[PDB]
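Structure data (PDB, C-alpha atoms and all ligand atoms) from upload.pdb:
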```pdb
MODEL        1
ATOM      1  CA  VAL A   1      14.352  11.869   5.167
ATOM      2  CA  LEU A   2      13.939   9.342   7.956
ATOM      3  CA  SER A   3      16.734   8.820  10.461
ATOM      4  CA  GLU A   4      18.369   5.436  10.947
ATOM      5  CA  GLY A   5      16.364   5.014  14.198
ATOM      6  CA  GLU A   6      13.067   5.677  12.372
ATOM      7  CA  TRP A   7      13.961   3.171   9.616
ATOM      8  CA  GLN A   8      14.671   0.617  12.353
ATOM      9  CA  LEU A   9      11.170   1.102  13.799
ATOM     10  CA  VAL A  10       9.675   0.657  10.352
ATOM     11  CA  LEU A  11      11.560  -2.512   9.436
ATOM     12  CA  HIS A  12      11.086  -4.042  12.903
ATOM     13  CA  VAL A  13       7.274  -3.967  12.491
ATOM     14  CA  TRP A  14       7.583  -4.979   8.800
ATOM     15  CA  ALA A  15       9.427  -8.189   9.809
ATOM     16  CA  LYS A  16       6.212  -8.999  11.748
ATOM     17  CA  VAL A  17       4.024  -8.306   8.657
ATOM     18  CA  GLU A  18       6.169 -10.774   6.834
ATOM     19  CA  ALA A  19       5.174 -13.602   9.206
ATOM     20  CA  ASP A  20       1.703 -13.478   7.611
ATOM     21  CA  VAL A  21       1.879 -11.561   4.314
ATOM     22  CA  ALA A  22      -1.356 -12.992   3.010
ATOM     23  CA  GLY A  23      -3.478 -12.224   6.113
ATOM     24  CA  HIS A  24      -2.153  -8.697   6.240
ATOM     25  CA  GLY A  25      -2.654  -8.156   2.536
ATOM     26  CA  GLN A  26      -6.216  -9.243   2.685
ATOM     27  CA  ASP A  27      -7.114  -7.056   5.736
ATOM     28  CA  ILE A  28      -5.558  -4.001   4.081
ATOM     29  CA  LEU A  29      -7.373  -4.348   0.720
ATOM     30  CA  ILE A  30     -10.687  -5.087   2.481
ATOM     31  CA  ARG A  31     -10.251  -2.013   4.734
ATOM     32  CA  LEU A  32      -9.507   0.114   1.629
ATOM     33  CA  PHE A  33     -12.558  -1.252  -0.238
ATOM     34  CA  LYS A  34     -14.996  -0.738   2.625
ATOM     35  CA  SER A  35     -13.637   2.703   3.668
ATOM     36  CA  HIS A  36     -13.351   4.045   0.108
ATOM     37  CA  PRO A  37     -15.770   2.195  -2.234
ATOM     38  CA  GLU A  38     -14.665   4.194  -5.284
ATOM     39  CA  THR A  39     -11.288   2.363  -5.115
ATOM     40  CA  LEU A  40     -12.908  -1.049  -5.783
ATOM     41  CA  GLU A  41     -14.166   0.346  -9.115
ATOM     42  CA  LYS A  42     -10.528   0.541 -10.372
ATOM     43  CA  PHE A  43     -10.173  -3.256 -10.167
ATOM     44  CA  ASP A  44     -12.061  -5.030 -12.957
ATOM     45  CA  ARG A  45     -10.918  -8.275 -11.324
ATOM     46  CA  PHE A  46     -12.556  -7.511  -7.953
ATOM     47  CA  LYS A  47     -15.576  -5.348  -8.968
ATOM     48  CA  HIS A  48     -17.997  -8.227  -8.580
ATOM     49  CA  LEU A  49     -17.360  -8.459  -4.827
ATOM     50  CA  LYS A  50     -20.204  -6.909  -2.831
ATOM     51  CA  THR A  51     -19.916  -7.988   0.796
ATOM     52  CA  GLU A  52     -17.110  -8.224   3.258
ATOM     53  CA  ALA A  53     -17.792 -12.022   3.483
ATOM     54  CA  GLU A  54     -17.341 -12.375  -0.301
ATOM     55  CA  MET A  55     -14.076 -10.432  -0.065
ATOM     56  CA  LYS A  56     -12.738 -12.629   2.712
ATOM     57  CA  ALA A  57     -13.576 -15.722   0.653
ATOM     58  CA  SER A  58     -11.785 -14.651  -2.547
ATOM     59  CA  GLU A  59      -8.510 -16.456  -3.049
ATOM     60  CA  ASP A  60      -7.593 -14.127  -5.923
ATOM     61  CA  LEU A  61      -7.997 -11.051  -3.693
ATOM     62  CA  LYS A  62      -5.663 -12.709  -1.129
ATOM     63  CA  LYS A  63      -3.101 -13.406  -3.924
ATOM     64  CA  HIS A  64      -3.212  -9.723  -4.970
ATOM     65  CA  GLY A  65      -2.672  -8.714  -1.287
ATOM     66  CA  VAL A  66       0.619 -10.690  -1.350
ATOM     67  CA  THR A  67       1.581  -8.901  -4.611
ATOM     68  CA  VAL A  68       1.062  -5.464  -3.123
ATOM     69  CA  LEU A  69       2.776  -6.078   0.173
ATOM     70  CA  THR A  70       5.755  -7.852  -1.415
ATOM     71  CA  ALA A  71       6.348  -4.821  -3.699
ATOM     72  CA  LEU A  72       5.945  -2.429  -0.775
ATOM     73  CA  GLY A  73       8.319  -4.487   1.372
ATOM     74  CA  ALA A  74      11.005  -4.380  -1.359
ATOM     75  CA  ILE A  75      10.675  -0.613  -1.332
ATOM     76  CA  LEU A  76      10.817  -0.185   2.433
ATOM     77  CA  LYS A  77      13.964  -2.325   2.732
ATOM     78  CA  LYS A  78      15.813   0.109   0.423
ATOM     79  CA  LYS A  79      15.434   2.802   3.093
ATOM     80  CA  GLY A  80      14.738   5.641   0.678
ATOM     81  CA  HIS A  81      17.021   4.420  -2.147
ATOM     82  CA  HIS A  82      14.132   3.017  -4.118
ATOM     83  CA  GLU A  83      14.514   4.568  -7.539
ATOM     84  CA  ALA A  84      14.654   1.316  -9.533
ATOM     85  CA  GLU A  85      11.696  -0.142  -7.626
ATOM     86  CA  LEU A  86       9.464   2.888  -7.573
ATOM     87  CA  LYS A  87       9.730   3.894 -11.231
ATOM     88  CA  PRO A  88       7.909   0.901 -12.866
ATOM     89  CA  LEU A  89       5.297   1.136 -10.172
ATOM     90  CA  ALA A  90       4.562   4.851 -10.813
ATOM     91  CA  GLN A  91       4.411   4.335 -14.581
ATOM     92  CA  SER A  92       1.935   1.463 -14.383
ATOM     93  CA  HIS A  93      -0.232   3.092 -11.737
ATOM     94  CA  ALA A  94      -0.279   6.427 -13.517
ATOM     95  CA  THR A  95      -0.717   5.345 -17.118
ATOM     96  CA  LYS A  96      -2.192   1.881 -17.034
ATOM     97  CA  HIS A  97      -4.287   1.632 -13.886
ATOM     98  CA  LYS A  98      -5.039   5.371 -13.694
ATOM     99  CA  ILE A  99      -4.740   5.546  -9.921
ATOM    100  CA  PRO A 100      -4.938   9.072  -8.509
ATOM    101  CA  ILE A 101      -2.385  10.031  -5.868
ATOM    102  CA  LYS A 102      -5.245  10.454  -3.368
ATOM    103  CA  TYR A 103      -5.892   6.680  -3.530
ATOM    104  CA  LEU A 104      -2.281   6.076  -2.446
ATOM    105  CA  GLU A 105      -3.054   8.240   0.621
ATOM    106  CA  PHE A 106      -6.139   5.994   1.253
ATOM    107  CA  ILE A 107      -4.186   2.734   1.128
ATOM    108  CA  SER A 108      -1.511   4.255   3.401
ATOM    109  CA  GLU A 109      -4.241   4.920   5.991
ATOM    110  CA  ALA A 110      -5.462   1.314   5.621
ATOM    111  CA  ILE A 111      -1.946  -0.035   6.142
ATOM    112  CA  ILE A 112      -1.563   2.005   9.336
ATOM    113  CA  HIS A 113      -4.951   0.908  10.628
ATOM    114  CA  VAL A 114      -4.142  -2.774  10.066
ATOM    115  CA  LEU A 115      -0.623  -2.694  11.604
ATOM    116  CA  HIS A 116      -2.197  -1.103  14.609
ATOM    117  CA  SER A 117      -4.851  -3.832  14.903
ATOM    118  CA  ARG A 118      -2.394  -6.639  14.558
ATOM    119  CA  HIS A 119       0.707  -5.398  16.375
ATOM    120  CA  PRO A 120      -0.028  -3.010  19.291
ATOM    121  CA  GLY A 121       3.172  -3.855  21.137
ATOM    122  CA  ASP A 122       5.451  -3.242  18.183
ATOM    123  CA  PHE A 123       3.307  -0.401  16.872
ATOM    124  CA  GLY A 124       3.302   2.357  19.475
ATOM    125  CA  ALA A 125       3.076   6.090  18.597
ATOM    126  CA  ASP A 126       6.765   6.365  17.743
ATOM    127  CA  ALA A 127       6.550   3.470  15.273
ATOM    128  CA  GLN A 128       3.282   4.841  13.893
ATOM    129  CA  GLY A 129       5.072   8.187  13.301
ATOM    130  CA  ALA A 130       8.013   6.538  11.518
ATOM    131  CA  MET A 131       5.652   4.446   9.344
ATOM    132  CA  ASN A 132       3.648   7.486   8.351
ATOM    133  CA  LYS A 133       6.841   9.286   7.336
ATOM    134  CA  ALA A 134       7.994   6.274   5.276
ATOM    135  CA  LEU A 135       4.610   6.085   3.459
ATOM    136  CA  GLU A 136       4.743   9.918   2.863
ATOM    137  CA  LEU A 137       8.178   9.515   1.370
ATOM    138  CA  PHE A 138       6.768   6.773  -0.895
ATOM    139  CA  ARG A 139       3.901   9.057  -2.009
ATOM    140  CA  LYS A 140       6.117  12.076  -2.521
ATOM    141  CA  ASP A 141       8.427  10.168  -4.894
ATOM    142  CA  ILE A 142       5.518   8.635  -6.771
ATOM    143  CA  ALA A 143       3.859  12.058  -7.122
ATOM    144  CA  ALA A 144       7.053  13.388  -8.723
ATOM    145  CA  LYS A 145       6.969  10.675 -11.399
ATOM    146  CA  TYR A 146       3.228  11.303 -11.953
ATOM    147  CA  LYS A 147       3.881  15.042 -12.544
ATOM    148  CA  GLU A 148       6.658  14.326 -15.037
ATOM    149  CA  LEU A 149       4.255  12.139 -16.976
ATOM    150  CA  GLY A 150       1.359  14.568 -16.788
ATOM    151  CA  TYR A 151      -0.855  12.865 -14.214
ATOM    152  CA  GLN A 152      -0.279  14.901 -10.999
ATOM    153  CA  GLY A 153      -3.744  14.128  -9.758
TER     154      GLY A 153
HETATM  155  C1  LIG A 201      -7.010   2.027  -5.646
HETATM  156  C2  LIG A 201      -6.304   1.216  -6.581
HETATM  157  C3  LIG A 201      -4.894   1.002  -6.374
HETATM  158  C4  LIG A 201      -4.026   1.381  -5.319
HETATM  159  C5  LIG A 201      -4.138   2.375  -4.174
HETATM  160  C6  LIG A 201      -2.789   0.680  -5.577
HETATM  161  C7  LIG A 201      -1.651   0.735  -4.829
HETATM  162  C8  LIG A 201      -0.544  -0.043  -4.916
HETATM  163  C9  LIG A 201       0.516  -0.024  -3.917
HETATM  164  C10 LIG A 201       0.619   0.901  -2.839
HETATM  165  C11 LIG A 201       1.099   0.544  -1.590
HETATM  166  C12 LIG A 201       1.442  -0.964  -4.289
HETATM  167  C13 LIG A 201       2.861  -1.345  -3.748
HETATM  168  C14 LIG A 201       0.910  -1.460  -5.510
HETATM  169  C15 LIG A 201       1.535  -2.526  -6.225
HETATM  170  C16 LIG A 201       1.007  -3.100  -7.349
HETATM  171  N1  LIG A 201      -0.247  -2.774  -7.891
HETATM  172 CO1  LIG A 201      -1.469  -1.434  -7.260
HETATM  173  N2  LIG A 201      -2.862  -0.107  -6.646
HETATM  174  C17 LIG A 201      -4.084   0.165  -7.172
HETATM  175  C18 LIG A 201      -4.564  -0.443  -8.263
HETATM  176  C19 LIG A 201      -3.983  -1.530  -9.005
HETATM  177  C20 LIG A 201      -4.634  -2.210 -10.187
HETATM  178  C21 LIG A 201      -6.029  -1.849 -10.751
HETATM  179  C22 LIG A 201      -3.727  -3.143 -10.588
HETATM  180  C23 LIG A 201      -3.955  -4.207 -11.622
HETATM  181  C24 LIG A 201      -4.728  -5.332 -10.968
HETATM  182  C25 LIG A 201      -4.976  -6.486 -11.926
HETATM  183  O1  LIG A 201      -5.931  -6.421 -12.721
HETATM  184  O2  LIG A 201      -4.206  -7.450 -11.919
HETATM  185  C26 LIG A 201      -2.572  -3.009  -9.727
HETATM  186  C27 LIG A 201      -1.420  -3.738  -9.866
HETATM  187  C28 LIG A 201      -0.325  -3.691  -8.991
HETATM  188  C29 LIG A 201       0.897  -4.519  -9.108
HETATM  189  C30 LIG A 201       1.115  -5.501 -10.232
HETATM  190  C31 LIG A 201       2.085  -5.065 -11.311
HETATM  191  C32 LIG A 201       1.717  -3.710 -11.882
HETATM  192  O3  LIG A 201       0.688  -3.620 -12.582
HETATM  193  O4  LIG A 201       2.428  -2.721 -11.576
HETATM  194  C33 LIG A 201       1.691  -4.174  -8.064
HETATM  195  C34 LIG A 201       3.096  -4.620  -7.717
HETATM  196  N3  LIG A 201      -2.809  -1.983  -8.771
HETATM  197  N4  LIG A 201      -0.296  -0.933  -5.861
ENDMDL
END
```

Give the structure from this file in structure tokens form.
Amino acid sequence: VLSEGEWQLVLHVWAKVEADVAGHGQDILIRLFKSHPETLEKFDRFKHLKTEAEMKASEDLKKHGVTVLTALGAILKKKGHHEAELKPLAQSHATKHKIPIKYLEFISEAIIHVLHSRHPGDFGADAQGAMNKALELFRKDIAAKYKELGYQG
């Protein structure tokens, strides 16, 4: 569980992410795709993209970035009480998209990398630690739903 002071560090940087949801969303997905090419293969709608320049140019990819970050933001603002928000997400990612838990660890790394690039002053070590904990909490709860359904993995 995160303390109230750790949640404050998380939401303070998130308010910054919200000033440019689309730019952040795009940097995160591109970092994920370049760092872990096997993840791009799960998206039939983005599979045709080969270069970083093509990725940057895709308006649809940018629109999906907003989708992801808006859902994540709704979760973070619940400060751990995210049952109603996390459940639909785990069911679709487990049974429809077939996303292994390890891929959620990859996107978490991408999120941390991008927040660091874009917000050094509001993203020092302490904030980085709180963010990691929040993303771990997210993964832990998702993993529990996956197991129940028979997808732990
Ligand atoms: C590596 C693949 C991968 C990862 C790590 C991932 C991680 C995350 C993530 C973690 C921070 C968040 C908050 C979301 C949030 C979403 N994802 Co994904 N998703 C993934 C693959 C997908 C795919 C595939 C779809 C469907 C895309 C499409 O065709 O529209 C998707 C759809 C969604 C949607 C649309 C509704 C739905 O289908 O549930 C939301 C919201 N998500 N996803």

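The protein and nucleic acid residues lying at most 12 Å from residue 147 (chain A) are residues 90, 91, 94, 95, 100, 101, 140, 141, 142, 152 and 153 of chain A, with only C-alpha atoms considered and sequence neighbours fewer than 5 positions away removed.
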
>> Take the PyMOL selection byres (((not hetatm)) within 7 of (chain A and resi 201)), run it mentally on this structure, and tell me the resulting residues as number ranges by chain.
In response: A: 39-40, 42-45, 67-69, 71-72, 88-89, 92-93, 97, 99, 103-104, 106-108

> Between CA of residue 1 (chain A) and CA of residue 111 (chain A), what is the distance, to one decimal in Å?
Replying inline: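 Separation between CA of residue 1 (chain A) and CA of residue 111 (chain A): 20.2 Å.
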
If the PyMOL selection byres (((chain A and resi 74-76) around 10) and not hetatm) were run on this exact file, what residues would it hold? Put them as a JSON list (two decimals) with C-alpha atoms, keeping the file's coordinate frame.
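Final output, saved to result.json:
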```
[["chain", "number", "residue", "atom", "x", "y", "z"],
["A", 7, "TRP", "CA", 13.96, 3.17, 9.62],
["A", 10, "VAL", "CA", 9.68, 0.66, 10.35],
["A", 11, "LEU", "CA", 11.56, -2.51, 9.44],
["A", 14, "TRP", "CA", 7.58, -4.98, 8.80],
["A", 69, "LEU", "CA", 2.78, -6.08, 0.17],
["A", 70, "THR", "CA", 5.76, -7.85, -1.42],
["A", 71, "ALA", "CA", 6.35, -4.82, -3.70],
["A", 72, "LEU", "CA", 5.94, -2.43, -0.78],
["A", 73, "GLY", "CA", 8.32, -4.49, 1.37],
["A", 77, "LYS", "CA", 13.96, -2.33, 2.73],
["A", 78, "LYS", "CA", 15.81, 0.11, 0.42],
["A", 79, "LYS", "CA", 15.43, 2.80, 3.09],
["A", 80, "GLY", "CA", 14.74, 5.64, 0.68],
["A", 81, "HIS", "CA", 17.02, 4.42, -2.15],
["A", 82, "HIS", "CA", 14.13, 3.02, -4.12],
["A", 83, "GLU", "CA", 14.51, 4.57, -7.54],
["A", 84, "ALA", "CA", 14.65, 1.32, -9.53],
["A", 85, "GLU", "CA", 11.70, -0.14, -7.63],
["A", 86, "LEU", "CA", 9.46, 2.89, -7.57],
["A", 131, "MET", "CA", 5.65, 4.45, 9.34],
["A", 134, "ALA", "CA", 7.99, 6.27, 5.28],
["A", 135, "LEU", "CA", 4.61, 6.08, 3.46],
["A", 138, "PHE", "CA", 6.77, 6.77, -0.90]]
```

>> Could you tell me how far CA of residue 8 (chain A) sits from CA of residue 87 (chain A), in Å to one decimal place?
In response: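 Rounded to one decimal, the two atoms are 24.3 Å apart.
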
Emit as AutoDock Vina command-line options the padded axis-aligned box for all listed atoms of region 5-23 of chain A, 8 Å per side, with centre and edge lengths in Å to one decimal.
```
--center_x 6.4 --center_y -4.0 --center_z 8.6 --size_x 35.8 --size_y 35.3 --size_z 27.2
```

> Given the choices A:61, A:31, A:143, A:121, which gets closest to residue 48 (chain A) if the distance is worked out from only C-alpha atoms?
Replying inline: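 Among the listed residues, the smallest separation from residue 48 (chain A) belongs to A:61.
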
>> Please report the interatomic distance between CA of residue 66 (chain A) and CA of residue 21 (chain A) in Å with one decimal.
In response: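 Distance between the two atoms: 5.9 Å.
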
> Hey, which of A:137, A:13, A:32, A:127 ends up closest to residue 109 (chain A)? Count only C-alpha atoms.
Replying inline: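 Of all the options, A:32 lies closest to residue 109 (chain A).
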
>> Using all atoms listed in the file, which protein or nucleic acid residues come within 10 Å of residue 16 (chain A)? Drop anything in the same chain fewer than 3 positions from it, and give the result as a PyMOL selection string.
In response: chain A and resi 11-13+19-21+115+118-119+122

> From the set A:149, A:22, A:47, A:4, which residue has the shortest atom-to-atom contact distance to residue 98 (chain A), counting all atoms listed in the file?
Replying inline: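 Ranked by minimum distance to residue 98 (chain A), first place goes to A:149.
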
> Which residue gives the smallest distance to residue 102 (chain A) among A:63, A:36, A:24, A:145, with all atoms listed in the file counted?
Replying inline: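 Looking at the shortest contact to residue 102 (chain A), the residue is A:36.
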
> Given the choices A:33, A:64, A:23, A:132, which gets closest to residue 49 (chain A) if the distance is worked out from all atoms listed in the file?
Replying inline: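 Smallest distance to residue 49 (chain A) is found for A:33.
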
> Using only C-alpha atoms, which of A:25, A:5, A:65, A:129 sits nearest residue 114 (chain A)?
Replying inline: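 Nearest to residue 114 (chain A): A:25.
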